[PDB]
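Okay, structure first, notes after.
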Amino acid sequence: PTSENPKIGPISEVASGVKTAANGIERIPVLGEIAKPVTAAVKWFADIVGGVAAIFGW
Amino acid sequence: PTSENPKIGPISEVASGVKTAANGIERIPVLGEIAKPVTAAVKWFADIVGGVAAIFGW
Amino acid sequence: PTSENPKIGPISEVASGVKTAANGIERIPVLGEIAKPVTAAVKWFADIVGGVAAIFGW
Amino acid sequence: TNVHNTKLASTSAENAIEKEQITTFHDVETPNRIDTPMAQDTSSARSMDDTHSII
Amino acid sequence: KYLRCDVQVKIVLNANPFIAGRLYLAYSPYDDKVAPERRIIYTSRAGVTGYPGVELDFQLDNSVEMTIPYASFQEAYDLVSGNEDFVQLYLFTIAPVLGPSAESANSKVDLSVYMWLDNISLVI
Amino acid sequence: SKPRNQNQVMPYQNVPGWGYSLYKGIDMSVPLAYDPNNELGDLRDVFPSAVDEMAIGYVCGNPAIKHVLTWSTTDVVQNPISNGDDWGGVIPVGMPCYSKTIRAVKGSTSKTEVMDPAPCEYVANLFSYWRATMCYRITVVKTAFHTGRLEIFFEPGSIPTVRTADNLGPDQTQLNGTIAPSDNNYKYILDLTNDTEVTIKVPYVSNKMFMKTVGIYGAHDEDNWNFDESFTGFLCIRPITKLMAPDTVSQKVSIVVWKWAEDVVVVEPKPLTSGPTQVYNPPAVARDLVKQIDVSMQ
Amino acid sequence: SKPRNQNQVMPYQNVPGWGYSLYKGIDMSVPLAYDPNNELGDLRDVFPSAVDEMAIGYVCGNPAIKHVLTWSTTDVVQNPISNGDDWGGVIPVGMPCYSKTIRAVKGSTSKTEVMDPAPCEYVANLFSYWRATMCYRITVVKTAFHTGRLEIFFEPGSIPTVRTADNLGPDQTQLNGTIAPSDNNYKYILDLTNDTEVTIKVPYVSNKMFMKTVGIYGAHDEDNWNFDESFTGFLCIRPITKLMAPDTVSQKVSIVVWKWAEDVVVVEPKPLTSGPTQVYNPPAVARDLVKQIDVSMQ
Amino acid sequence: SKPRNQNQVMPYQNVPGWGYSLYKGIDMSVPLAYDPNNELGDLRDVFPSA
Amino acid sequence: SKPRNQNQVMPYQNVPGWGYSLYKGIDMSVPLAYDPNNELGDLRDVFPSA
Amino acid sequence: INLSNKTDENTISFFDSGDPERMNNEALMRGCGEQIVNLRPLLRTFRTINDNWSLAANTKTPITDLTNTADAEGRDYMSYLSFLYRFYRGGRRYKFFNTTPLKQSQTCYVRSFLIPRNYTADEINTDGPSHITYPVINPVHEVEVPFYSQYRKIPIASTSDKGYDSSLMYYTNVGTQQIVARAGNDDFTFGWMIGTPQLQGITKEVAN
């Protein structure tokens, strides 16, 4: 994208995997718009499954 | 360019594709000076065509 | 992990090497949750074993 | 055609027979149903125990 | 003790070919427990017909079906303690029964509503 | 051990809440929680439906009944069907709301005005300008023995209005086949011999890239400009052939019209209204005065 | 040598102590030390045990005696064993504390209430909502000459309570085999011919994802809702066969019950209690009034 | 979990509107909009002349 | 769309004119100019002697 | 002709027009600069529910006091869009901009705690996570409330249970005035769709 700021936008954009115009009448799933299963996709659950030292207070 | 600042200038420079002295009398197109078609060149339209998760509130 | 911040989390996560659900009744060792032996794992001891110039005031 | 949260009145196949467990409905045309789009099970009963039968 | 179920509704209407009309079967969750301004009662025709429902014409749709999902905010219906209802089903009238001008006992329609459950789970 | 600073003096502005009105950005809202990485999961089995119901196309795609007209055997050809409802025959083509009624309470009179939004008109009211394709299912409630033709033509521009001190409605005298000939007009002649309905979609046509979302809000004899610049035109439902009906059936049929939008874009997140967005809470008794929300900033 | 600034004006908020209540983050606490990289080592030979004893599963996994009931030869079949302790026969299934006694001191009366927490109930009190699998070792103190059967069945939902002005207890009249038939109930019939004990684990079952941690705190005739919504149900210990015992042994046995939790999750680090977490410091004499901690913020 | 700070004390000047009279630079003007990445497109068919 | 902050609380000193007496450093002097990258060229034929 | 009342499902679109997506985009690249495609982004924006909320000194004020009023008005997005749905989930964000005209104490500070919804301040402790600001150096609070619930979805209706989700307490050592803006966290969303209510427009008190 064509910016003049060294930071193109405010946040980091996470992709989706949806395939519909977003303003259209066609019914679109909400699970494709964000994907946040019960996995290491969320930070804290990843920290638990990896048993990081912070979840123990270190 | 020869600077003494670790940041050479204030903004990120985007190239043009124009071929005329900028102070000259020759008529120069305005579409070559910035290129911002209806494409993923603009940030928000890129976000829509990529269906990023932010345009859905995530 | 799926964030919208360029910094995923607040701190740098250090791994553990433990193998038990962290909320479980099974007895888990505390030395695997953080590993900080008397070695160059701690910063100041590393500085001493490496004889860095700061520990001498330079 | 593609409308949400409503099923409009329409024609359908001219000879419909829906069989629930023991009741069997004959209708002149196929009923105009509205079902939930992309339905889910928003309960936890199937996780608590198994559904016991009469036997 | 606990239940999770969807409610399946079927209405079989019958009206001779000389009677016309149109009904709207809609369901409103928490209609009895939600503030009045938020009720399907106490709103407009365009609001009522904005609810999930089925258009029920006498000469087009002699029969309509409807699946009401599990409407509780909690993990299952409590069949002992909480005698709570979570979704109200309404049968509205878009156009009244249109029949001959001449008064007659035959200018009428008869309805019959059937109900059953689906996606069931009795556990504890 | 303790070296000196080689960093520059940083410029700055003490501006808390920079861009709090934007939807995208890093929020400085402190979480009253345990983990700073507090995230709720996805909507896997939370709501009854896995569809995104907050999408503008899902809301503006939910149709609602905005017209229920009575078509009698006496209604004249090439005359709008005015019987039955408040905008009889004339369908203003747009997302905004064109219909309102005045609730009067005496004690002087307050004259509160109430609107009839469809899910497409509820959304448009949150924004200033709109652009969309308007879709109309015009269903007729009849039998196998009612017959007739129905003319549904689109006229661009302003609507012929009878302007009242508190409301605004159509002028049925200026919409007859003599003053309003439908010959140079996009139309659909619907035969009611056996069929009942037709879905008419009107693509966006105007000399403006966007139209206003005001609509009927505050529209009257003095204020009528923003109403005309909120709609691209109107559909008029007129008979081409009188309603033929025997004496064995009703001498009148109902014309139900559902309204919804496709291909929607909304421009700015601020309403064009004199006042804020307010939902009408019907009071208990008709003697009761309605609630007014405090807009005094001090 | 001295170039100009090309950095932007930075936005900002003057907010000291941002996220001090979170467990994870970079703390701005200045160390009164020599090295900024002041780290203590690991717990190699610091404590007597190399096990993490601060883990919720190690604390909530330490069992404690919460019931010591007397089972006499006169106790009736299908009647809860009420003799001996304050919640006789009924075991509220949950992490929170179900038991309390009122300490009264006169001089008017103050009526301070005291609880009997197990290590699982001490932890739950620090949080608002809980979810866990509750485990109960029901041991019987007897000999080779006591015999009898014992019914330990789980009933979900509210407990039959006799509500007092200051406390809350079970209703033994509503838990008999006529009013409370154990036929449609998960149970374990324990034979005491030679065996003594059984560990009964109750997985979490409820119409809520989490239950409240209030328990008996402030529970009485007026306040009884939060108690019922703090437990998934209760186990009731009832005879199936009266205690058979010769005259050469005791005519009563003791039923000891240990309590602990497995598969624990705790939700928010704030208690649901009207007041803060307070440990009871037993005063010297019974005439002495107890300490109350100042909660006035000014 | 909660480590200490190793960052230095930063120097500074409280100067709002630094270089507002320059044509090039990152402006701190808050947009009364929905998207912070609010950009108008190019002048393709806006004015009579390209 | 609007995530939370994961940045730390920054330490600081409100010290305008830090090192103004030094010959080397990034100066916070605002230029009364058009371009922030205002540079004069080299002394090619400015003074009588190179 | 067959005696029949049927639906042929005929659809007509007028005008021989181009692609609506392309033309809409062309228009937004000239007159908007953005394209709103969903209403959760509007739940992320911050909008005012009261531009002056006065408080008493040394008083713990649950913000339900204000949001029970605001939710019925329909002025903010979290209220206007709540009349289309029945359920909601996720946390909430509140910003309190100081507008206190008088000086009461040398040191004014604002503090916020958690509280179960529909509770009173006399029913809850001032423990748990908090956030403190000083309106003189930071006149904006910027606290956030997580979804600390017993249920995966909260109804906008009333309930038998109480205190099943978290909310906010607001404490000021002095009498302060506030601009109260609220929004949802990056996880807040509303439930499943229903019909619209009526809208309230202009009121003209006329002499009779």
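Residue numbers begin at 1 in each chain, while the letters A, B, ... track the order of the sequences. Note: hydrogens, waters and symmetry copies are ignored here, and every other heavy atom, side chains too, is used.
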For this session: Answer yes when B/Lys43 and H/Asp35 have at least one side-chain N-carboxylate O distance shorter than 4.0 Å, and no when they do not.
Result: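 Salt bridge flag = no for H/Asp35 with B/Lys43.
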Any side-chain donor near an acceptor of the partner, [X] and [Y], under 3.5 Å:
X: J/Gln35; Y: A/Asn23; value: no
X: J/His131; Y: J/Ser112; value: no
X: J/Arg75; Y: J/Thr48; value: yes
X: J/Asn98; Y: J/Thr100; value: yes

From [atom1] ([X]) to [atom2] ([Y]), nearest 0.5 Å:
X: F/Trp130; Y: F/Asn125; atom1: CH2; atom2: CG; value: 13.5 Å
X: I/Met28; Y: G/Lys2; atom1: CE; atom2: NZ; value: 12.5 Å
X: F/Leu126; Y: J/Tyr77; atom1: CG; atom2: OH; value: 6.0 Å

Heavy-atom side-chain contact between [X] and [Y] under 4.5 Å:
X: J/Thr176; Y: J/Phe96; answer: no
X: J/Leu39; Y: F/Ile56; answer: yes
X: C/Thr2; Y: B/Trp58; answer: no
X: F/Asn14; Y: F/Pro16; answer: yes
X: J/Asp186; Y: J/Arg44; answer: yes
X: G/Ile26; Y: C/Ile11; answer: yes
X: F/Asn7; Y: I/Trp18; answer: no
X: J/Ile49; Y: J/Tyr94; answer: no

Q. Step by step, would you call A/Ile34 with B/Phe56 a side chain to side chain contact (heavy atoms under 4.5 Å, CB included)?
A. CA-CA 8 Å; A/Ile34 189 54; B/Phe56 304 109; over 6 Å; no
Main-chain N/O of [Y] paired with [X] side-chain donor or acceptor, under 3.5 Å:
X: B/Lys36; Y: H/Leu40; answer: yes
X: J/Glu34; Y: H/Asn38; answer: no
X: F/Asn37; Y: C/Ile8; answer: yes
X: J/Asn50; Y: J/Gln178; answer: no
X: J/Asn138; Y: J/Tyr134; answer: no

If you count every heavy atom of other residues, nucleotides or ligands that lies below 6.0 Å from [X] atom [atom1], does the total exceed 12?
X: B/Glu13; atom1: CD; result: yes
X: J/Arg22; atom1: CZ; result: yes
X: H/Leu32; atom1: CG; result: no
X: I/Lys24; atom1: NZ; result: no
X: B/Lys7; atom1: NZ; result: yes
X: H/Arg44; atom1: CZ; result: no

**OP:** Could you walk me through whether F/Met54 and J/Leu43 pass the side chain to side chain contact (heavy atoms under 4.5 Å, CB included) test, one step at a time?
**Re:** CA-CA 10 Å; F/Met54 304 284 287; J/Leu43 303 180; 3.4 Å; yes
Measure across F/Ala33 and J/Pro146 and return the closest heavy-atom pair with its distance rounded to 0.1 Å.
->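 The answer is CB-CG, 3.7 Å.
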query = What are the two closest non-hydrogen atoms of J/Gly91 and J/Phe188, and how far apart are they?
reply =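 Residues J/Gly91 and J/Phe188, closest heavy atoms: O-CD1, 3.2 Å.
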Residues forming a salt bridge (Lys or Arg N to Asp or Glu O under 4.0 Å) with I/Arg4, sequence neighbours excluded: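 Per chain and number, I/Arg4 pairs via salt bridge (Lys or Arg N to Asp or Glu O under 4.0 Å) with J/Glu144.
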Worksheet entry | Ring-ring centroid check F/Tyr12 I/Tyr12, cutoff 6.0 Å |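 When the ring centroids of F/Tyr12 and I/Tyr12 are compared, they turn out to be at least 6.0 Å apart.
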Non-neighbouring partners of H/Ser29 that pass side chain to side chain donor-acceptor pair (under 3.5 Å), sequence neighbours left out: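 Side chain to side chain donor-acceptor pair (under 3.5 Å) check on H/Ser29 returns H/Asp27.
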Indicate the ring-plane relationship of I/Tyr34 and H/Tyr23, choosing parallel, tilted or perpendicular according to the 30° and 60° boundaries.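 Because their plane-to-plane angle is under 30°, the rings of I/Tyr34 and H/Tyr23 count as parallel.
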Report task. Mind running side chain to side chain contact (heavy atoms under 4.5 Å, CB included) on F/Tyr129 and F/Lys208 for me, showing each step along the way? Result -> CA-CA 10 Å; F/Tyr129 316 114; F/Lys208 309 157 187 72; over 6 Å; no
